[PDB]
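Q: This structure is in structure tokens; I'll ask about it shortly.
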Amino acid sequence: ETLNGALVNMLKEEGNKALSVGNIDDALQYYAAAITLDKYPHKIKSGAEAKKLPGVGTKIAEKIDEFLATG
């Protein structure tokens, strides 16, 4: 329902990928960013803005940019 829910799902996929490589710390980081993005009350137009939120990293912002590039 949340405007960013689609991106949140993609973040969950990224978290699983990090787990697949044994990078549990990164996976947890993605999950934290996903929760914050959900709590945020507005659709985000770019990942760069997303970085402002606690738990969002540069890599996560880039994923957001890519998703926007896809549609």
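Every number in this text was worked out from the coordinates using simple rules, so none of it is lab data. Cβ placement follows ideal geometry from the backbone for every residue including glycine, while neighbour counts extend to all protein chains displayed.
Q: Considering only residues that are within 19 Å of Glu66 (Cα to Cα) and either among the hydrophobic types (A, V, I, L, M, F, W, C) or not in a helix (DSSP H, G or I) (or both), which ones fall in region 1-41?
A: Residues satisfying the conditions are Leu3, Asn4, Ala6, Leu7, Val8, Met10, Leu11, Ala18, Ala27, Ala33, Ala34, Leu37.
Q: When region 1-45 is examined, which residues are found to be under 10 Å from the mean Cα position of the chain (by Cα) and aromatic (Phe, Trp, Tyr)?
A: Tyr30, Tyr31
Q: Which ones in region 53-71 are out of contact with any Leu (no Cβ under 8 Å at 6 or more places or on another chain) and basic (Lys, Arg)?
A: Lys59
Q: A follow-up question, please. From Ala33, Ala61, which residue is in contact with a helix residue (DSSP H, G or I) (Cβ under 7 Å, 6 or more places away or on another chain), in contact (Cβ under 8 Å) with a residue 24 or more places away in the chain and among the aliphatic types (A, V, I, L, M)?
A: Of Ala33, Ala61, the one residue that is in contact with a helix residue (DSSP H, G or I) (Cβ under 7 Å, 6 or more places away or on another chain), in contact (Cβ under 8 Å) with a residue 24 or more places away in the chain and among the aliphatic types (A, V, I, L, M) is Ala33.
Q: Then there's this: Can you pull out every residue in region 5-45 that is in contact with a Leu (Cβ under 7 Å, 6 or more places away or on another chain) and of a type outside the set (A, V, I, L, M, F, W, C)?
A: Answer for region 5-45, where residues must be in contact with a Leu (Cβ under 7 Å, 6 or more places away or on another chain) and of a type outside the set (A, V, I, L, M, F, W, C): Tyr30, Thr36, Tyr40, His42, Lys43.
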